[PDB]
Structure formats: C-alpha cells, structure tokens
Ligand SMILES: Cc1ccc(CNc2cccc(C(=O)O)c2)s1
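Single chain ahead, written as structure tokens, the form solved without the named molecule.
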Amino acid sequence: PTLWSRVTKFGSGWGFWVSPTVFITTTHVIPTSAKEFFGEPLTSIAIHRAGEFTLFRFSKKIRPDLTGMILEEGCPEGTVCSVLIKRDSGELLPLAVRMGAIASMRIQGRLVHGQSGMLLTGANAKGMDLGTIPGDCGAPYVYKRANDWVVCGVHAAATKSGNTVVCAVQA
C-alpha cells in the first residue's frame, strides 16, 4: 500500500520497482561485478540500458505484493514531479521539482543527458536537507495524473547550487 515500498537500496544508490518483474535505476550506480541480483542469476535478467537510464526485467516475480504502474519517457514540460529520496538515516524526503526540456547539460564538469528540472525549495540546500546529495542517485521521479501515479525517470545528477537536477529517461 505505499510508493515508498518500491524504493530499494541498490549499488552505490537506489532503484524502483515499477512492477513485480521490472526494476529501474541510474546506470552509474549499478555494480560492475555481479552474478545475481535479488537472488536471481543475471542469466535470467533482461538488461535494457539507454544512457543513464537502466531497466531490468526478471523472469520470476521478485515483488509479487506490487501491481504494475505506468512508466513514461519523461513528462510534459512544466509538470511538477516528486523525487522519492530515501536516506541511510531512515529519512524519507519527497521534494517537488518543476520539469523542463530534454537537454545535455554539463553538471559540475560532467556531460549528462536527460530531462532538467528545478527544486521548489530554492533555499538551495547546503546541509539542512532540502536538496539532493550524490548518494541519492537512482531515486524515481513520480507525479499523480487522474487516479494513477506515473513514474517518468530516475535521479542522475545535480548542480553544486542544488537548484538544477537531471532525471534520466526511457529512450
């Protein structure tokens, strides 16, 4: 009965269960030495990568407690999403982000491609929480539309200021 339930610690960051068999994450957090994930051998896992966005489809239900949600290739410009950040502290941190255009976007010295957005906290977090930290990568971008939650990508990067974030998206 909760979206928070779907946000799972993974590699150097997090990922998100879209359904009992589909898990999405940020490509840079995935382990580079692995034979199995969540007790299924890589043998049995379809991997689909598109830049900083990776989708895994398992051959058996890993989370049969979940129903399948809508996944979309980003959202309409001006949509206000929630980035669902979990911290190792036990803290849950849903932050509002106004989404902008698809772009390639030089984020502290790095070329990153995805949908840009700006945190509504503007306070421009520098250790009060209120913004993202490197450890948060792979957290999902969701919003409510009619009666349904939509997930439209995963957290790939953020600028020192904290104002600008990049959501990696399905191709």
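Between two forms, the rigid core is the largest collection of C-alphas that superpose within 1.5 Å. The first residue of the shown sequence is 1; numbering continues from there.
FYI, the form solved in complex with the named molecule isn't displayed, but the following is about it.
Q) At the 4.5 Å heavy atom threshold, is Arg110 in contact with the named molecule in the entry with it bound? A) Yes, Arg110 sits close enough to the named molecule in the entry with it bound that at least one of its heavy atoms falls within 4.5 Å.
Q) Is there any non-hydrogen atom of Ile133 lying within 4.5 Å of the named molecule in the entry with it bound? A) Judged by the heavy-atom cut-off of 4.5 Å, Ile133 is in contact with the named molecule in the entry with it bound.
Q | the named molecule in the entry with it bound - contacting residues of 123 to 157, heavy atom within 4.5 Å | A | Result: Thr132, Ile133, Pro134, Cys137, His155, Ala156, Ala157.
Q. Pick from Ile30, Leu55, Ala125, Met69: whose Cα moves by 2 Å or more between the shown form and the other one, rigid core superposed?
A. Spelled out, the residue whose C-alpha shifts by 2 Å or more is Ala125.
Q.
Please state whether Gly90 has a C-alpha shift of 2 Å or more between the shown form and the other one, with the rigid core used for the fit.
A. Yes; that C-alpha moves by at least 2 Å between the shown form and the other one.
Q: Would you mind telling me if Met128 and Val29 are closer or farther apart in the entry with it bound than in the shown form, C-alpha to C-alpha, with a 3 Å or larger change?
A: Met128 and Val29 sit closer together in the entry with it bound.
Q. Knowing the Cα distance between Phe38 and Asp88 changes 3 Å or more in the entry with it bound, does it shrink or grow relative to here?
A. It is farther: the C-alpha separation of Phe38 and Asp88 rises by at least 3 Å in the entry with it bound.
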